[PDB]
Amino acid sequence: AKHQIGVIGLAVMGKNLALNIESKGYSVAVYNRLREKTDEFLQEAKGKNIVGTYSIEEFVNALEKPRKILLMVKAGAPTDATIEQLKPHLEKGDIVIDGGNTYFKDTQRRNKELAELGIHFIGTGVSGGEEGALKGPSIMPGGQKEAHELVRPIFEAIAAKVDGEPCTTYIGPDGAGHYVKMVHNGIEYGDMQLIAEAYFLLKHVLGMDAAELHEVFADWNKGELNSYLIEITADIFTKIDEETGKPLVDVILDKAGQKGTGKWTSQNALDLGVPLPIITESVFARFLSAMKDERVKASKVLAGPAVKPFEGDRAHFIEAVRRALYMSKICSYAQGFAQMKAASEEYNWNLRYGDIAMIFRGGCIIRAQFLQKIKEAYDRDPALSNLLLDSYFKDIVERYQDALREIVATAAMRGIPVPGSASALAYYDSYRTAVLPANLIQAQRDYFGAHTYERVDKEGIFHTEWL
């Protein structure tokens, strides 16, 4: 018999997506190199319209033309080796979809190589984790338009929906979807760091235990901060470790891990020439936390300030931490969306930033009502160069900046590190400043490397003989 779509790669992620697809009424053919994974899945999927296949050739010939193939294998060599194995069996107009957390430049290369053979390639971000894949992920496809239209109904049936809108859209050509999935990941790290900072601030300035941290974050999730990450943070602080009777979170080693994918947004921001301080500080902050042994060692030798207990208005401070968090979150998204814009211009993608905010509204980890406000900003002005300039975000920052300045000043004086929040404040004060101190930098570079400069008053290039 002929099946509607094939999935290669049967880890939980691939299995759940194939289950999602089948529940939406499509017939699914599966293949996995490690034989046992297929055997297990077929027992897991009794009664469902999923068939196992046992070679690449069997798999390919079990599918309706034009063929739809979802790769969910290990990044790098195994993905390419599978694509290589598919090539002889596929025909002009067949569609290979890579759904892993792939570096967009890899997707660009595979797209280009397959195209020469008339085979289409879609690199797609899948967000939501393992449960999300089963129930409704965010899906971020990029590749040929003609190929996307063929697979679009499948994407649209399996994605999460907000207000009848599927959390999927055609992102753009080549590696656009994988690019946007990378930025999602970056933004995710920033949010987690900014929240970690709000926690540490409450813990140290106010001496808050887990139970009252629960209350605070639970309240926060009833307002503008409403989001999956805040939601789960409120719940984390309720958990009691049985063995010790301590809050579970206090027993967990403060050594933040990360996949090698974590650093990609920051590294790409550096290539494009776009400032991404908050997300980059967030990545560095994980690295510094992983240096736990160095840190406890330095704690016995390095002195902080000798500050007395906090005696100010406690309710005021809680709210100031909240507003500092929300403003910082805004600067981070402004930096992240400004990155996607530089990428769109550079790779010629014509990205729609309102559409991107729309797919982030559910399914994915950064999902929050917040993403609605971003969509609206781009609805109103598609070519908006920075989210800070939109009237909604502009109102917030003019009202919340006092709270962010107080938090930065207070953290500085009490010895509480707030790398993300501080760089958020510095970014805000740099972006709104017409004349920066880069005139001296420019003067210096000319002085020692005769790099030449431009002037404030005249047009054209200049070079002084300083020496």
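Heads up: residue numbers just count along the shown sequence, starting at 1.
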Report task. Read off the CA B-factors in the entry, average them over 302 to 310 and over 360 to 368, and name the higher stretch. Result -> 302 to 310
Query raised in the report: Per the entry, where is the mean C-alpha temperature factor higher: 147 to 155 or 87 to 95?
Result: 87 to 95
Query raised in the report: Looking at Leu384, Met291, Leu71, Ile374, which has the biggest Cα B factor in the entry?
Result: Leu384
Report task. Check the PDB entry and point out which of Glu116, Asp254, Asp106, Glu319 has the largest C-alpha temperature factor. Result -> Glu116
Query raised in the report: Mind checking which third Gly47 falls in for C-alpha B-factor across the chain?
Result: highest
Report summary line: Chain thirds by Cα B factor, record data; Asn221 belongs to the middle
Query raised in the report: Would the CA B-factor of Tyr54 place it in the lowest, middle or highest third of its chain?
Result: highest
Report task. Grab the CA temperature factor for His184 from the record and place it in the lowest, middle or highest third of its chain. Result -> lowest
Report task. Just say lowest, middle or highest third for the CA B-factor of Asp271 relative to the other modelled residues in its chain. Result -> middle
